[PDB]
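We use all heavy atoms of the structure for the numbers below, so side chains are in, but hydrogens, waters and symmetry mates are not. Along the sequence shown, the residues carry numbers beginning at 1.
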Amino acid sequence: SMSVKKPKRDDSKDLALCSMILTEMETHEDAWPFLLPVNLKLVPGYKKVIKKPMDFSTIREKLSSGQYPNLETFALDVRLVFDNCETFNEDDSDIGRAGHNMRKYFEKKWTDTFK
């Protein structure tokens, strides 16, 4: 509350650390469905169904330009990529499997870096 604060966590490395996680996600072999925005002119249904499209290149641009106010807003966008993927793709498809794999990969790096 006013004049009553928890001890100050060092957040000065978060930006660099999120960039590093993001690099590891970009270079995973199962990243290909997520590297670039879904082409909304060529993929029927995507525009109407997925209210908030997100992809790794878009996260990278937001990160690099100071548009994430803290590391939780970064994690929300990463999770959104996989939540979108699950909304549009059957679990039993290459892309569906890619999204589950990538989500697991991310969540471990996240826990190990920050928890």
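- Here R103 contributes atom CZ and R79 contributes atom CZ; the two are 8.5 Å apart, rounded to the nearest 0.5 Å.
- When atom types are taken as modelled, the side chain of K51 and the backbone of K47 share no donor-acceptor pair closer than 3.5 angstrom.
- Hydrophobic cluster membership differs between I95 and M102, with clusters built from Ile, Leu, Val, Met, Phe, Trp and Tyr side chains linked at under 4.5 angstrom.
- Within the 3.5 Å criterion, the main-chain N or O of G96 finds a donor-acceptor partner in the side chain of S93.
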Starting from the C-alpha separation in whole Å, work towards a yes-or-no answer on side chain to side chain contact (heavy atoms under 4.5 Å, CB included) for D112 and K108. CA-CA 6 Å; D112 290 356; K108 169 109 151 77; 2.9 Å; yes
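- The aromatic rings of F82 and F56 sit perpendicular to each other, their planes meeting at more than 60°, with 30° as the lower class boundary.
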Worked check of side chain to side chain contact (heavy atoms under 4.5 Å, CB included) between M20 and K109: CA-CA 10 Å; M20 290 170 54; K109 303 286 180 196; over 6 Å; no
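- Transitive grouping of hydrophobic side chains (ILVMFWY, heavy atoms separated by less than 4.5 Å) brings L40 and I50 into a common cluster.
- By the criterion of side-chain heavy atoms lying less than 4.5 angstrom apart, applied directly or through intervening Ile, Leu, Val, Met, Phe, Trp or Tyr residues, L80 is grouped together with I21 in one hydrophobic cluster.
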Apply side chain to side chain contact (heavy atoms under 4.5 Å, CB included) to the pair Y105 and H100, showing each step before the final yes or no. CA-CA 9 Å; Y105 189 74; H100 290 291; over 6 Å; no
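- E61 CD: 12 or fewer foreign heavy atoms inside a 6.0 Å radius.
- Between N39 and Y46 there is no side-chain heavy-atom pair separated by less than 4.5 Å.
- In terms of heavy-atom proximity, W110 sits nearest to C18 at CZ3-SG, 4.0 Å.
- One N or O on the side chain of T73 and one on the backbone of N70 form a donor-acceptor pair closer than 3.5 Å.
- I59 is listed as a side-chain neighbour of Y68, based on a closest heavy-atom distance under 4.5 Å.
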Under the criterion side chain to side chain contact (heavy atoms under 4.5 Å, CB included), I'd like the reasoning laid out for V49 against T87: C-alpha separation, chi angles, the key distance, then a yes or no. CA-CA 9 Å; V49 171; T87 295; 4.1 Å; yes
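- Here the NZ atom belonging to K52 is positioned 10.5 Å from the CG atom belonging to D83, to the nearest 0.5 angstrom.
- Between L76 and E72 the shortest side-chain heavy-atom distance does not fall below 4.5 Å.
- Residues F34 and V43 are members of separate hydrophobic clusters, defined by side-chain heavy-atom contacts under 4.5 angstrom among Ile, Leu, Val, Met, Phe, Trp and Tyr.
- In this structure, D94 contributes its side chain and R97 its backbone to no donor-acceptor pair below 3.5 Å.
- No donor-acceptor distance shorter than 3.5 angstrom exists from the side chain of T58 to the backbone of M54, with no hydrogens or angles considered.
- No side-chain donor-acceptor contact under 3.5 Å links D30 to the backbone of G99.
- In this structure the side chain of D14 never reaches within 4.5 angstrom of the side chain of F74, judged on heavy atoms.
- Note that OG of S57 and NZ of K62 are 11.5 Å apart. Values are rounded to the nearest 0.5 Å.
- Judged by distance alone, with hydrogens and angles left aside, the side-chain atoms of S19 form no donor-acceptor pair with the main-chain N or O of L15 at under 3.5 Å.
- Hydrophobic clustering (ILVMFWY, side-chain heavy atoms < 4.5 Å, transitive): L63 and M25 are in one cluster.
- Contact annotation: the side chain of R60 approaches that of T23 to within less than 4.5 Å [non-hydrogen atoms, C-beta and beyond].
- Note that the NE2 atom of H28 and the CZ atom of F106 stand 13.5 Å from one another [nearest 0.5 Å].
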